[PDB]
C-alpha cells in the first residue's frame, strides 16, 4: 500500500447562526474543517481534518498541501514500521519548520495529515483506532513517538516503564470499556451567546440526560457570569459538577479576582484563564484560585509546551486536543507525560469532528496508559455529528466505544460537496 496522492477540502459550517460555540474570546465561530484525504491504490483512503472556526481555514489548507509533498509516494509499511520516524519525517522539512516549528497553521496541518495516516492504518487492519493502538505491546506503542525535545522530562526508557506497568490489565479494561463506555461532560448548555431562558432549558436537558458534569463559558461580563452561574446551579442542583471556561481572555491578576468572585458556584476548575502560552501565568493563577483547579491545553501548541505546563505544576487538568498538535502520536506523548506526573487528561472536544477523534484517544489512555477513567471526563458537544459516517455515540453521560475501522472522522460524501467554502 502506497500513498499515491491527496485531496483537500475547505469545509465551513454556519454555527454562528445560533451562536453555538460562542464564548468570551470567539463570539461567532463558524466551525470549520481543513479536511484531507490520502489516496491509495487500494480500497481504503485515509481521511483526516484539523479544526478551525472560519476565516483562516484556507491557511491550514495551504499548509496541508505543503506537507503533501512529504507524504505522497510513501509506503504505508514504511510508515507503520516506525511511526515515530515517520513523525520526525513529516515535521522535519526544515523549511516548513521555519513556518512553525510545531505550532500554528503548519502544525494544525500536521495533525490532519498524521491523523489521516492513522485512519488509513486502522482501516487497513480492520480496527477502530483505539483498538489498533490498545492492542499494541509497550515497545510498539513507544515506537510511535518522536521524543525530540521531550527527553529532559520524559525519556523513552521512563515512557517504556509506564507502558509496561499498564500492560497486564489491558484485557479487563477493554472489556470494561465495552460494558461501560467512557464518561463525558457537556458544554452544550454553556455557550456564552445563549439567553438565560435557553441556558435554563439546556441545563435541565443535561441533567435529565444523566451528565454528572456540565461546563459554562464565562469571561466577558462579570455580572452576566454571576447571574448565569446562579441560574445554572438552580436548575442543575447541588450535586452537579460545574466547570467554567474563560477561553484565554484574562490577565493573571484579573483571572484570580474574577474566578474568586465566581467561587460561590463551586466550579471544579477554571479552563484557560489566560493565554495558552503562559505557563508561569497559569501557575500563578493556580495558586491564587486554589482550591478551584486550573485546566488548559486545547490550544497548547505542542509537546514542548505541554511538558512545561505539567512539569512546573502549572495546571491540575491536562486538556489535549486531537488535532491542534501533530495528531495521535504527539497526544500519546503528552498523555505519558501526564501519567508520569499523575495528572488527569480531559480532552477538548469543542468543534466539528473533535468528539469523533478524542473518544479514541482517551480510550487508548484508559486501556494502555494510565488505566483509569472513572474520575475523568472527555468533553462532549452535541453539534454537527450528522455529517459523519460513524459519529460518536453518547448516552447516560458516556461515549460508547467505537466499532468501525478508522478514526471515526470520515464524513458523508454529500457533506464534502455541500459545505465547501
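Numbering follows the first chain given and starts at 1.
Mean CA temperature factor is higher for 198-206 when stretches 198-206 and 308-316 are set side by side in the entry.
Taking only CA atoms, the mean B-factor in the PDB entry is higher for 384-392 than for the other of 384-392 and 27-35. As recorded in the PDB entry, 164 shows the highest C-alpha B-factor of the residues 324, 164, 286, 127. The residue among 278, 245, 102, 179 whose C-alpha carries the highest B-factor in the deposited model is 179. Among all modelled residues in this chain, the alpha-carbon of residue 273 has a temperature factor (C-alpha) in the lowest third.
Per the PDB record, residue ranking by Cα B-factor puts residue 379 in the middle third of the chain. In the PDB entry, residue 405 places in the highest third of its chain by CA B-factor.
Sort the chain's modelled residues by C-alpha temperature factor and residue 212 lands in the middle third, per the entry. Among all modelled residues in its chain, residue 80 ranks in the highest third by Cα B-factor.
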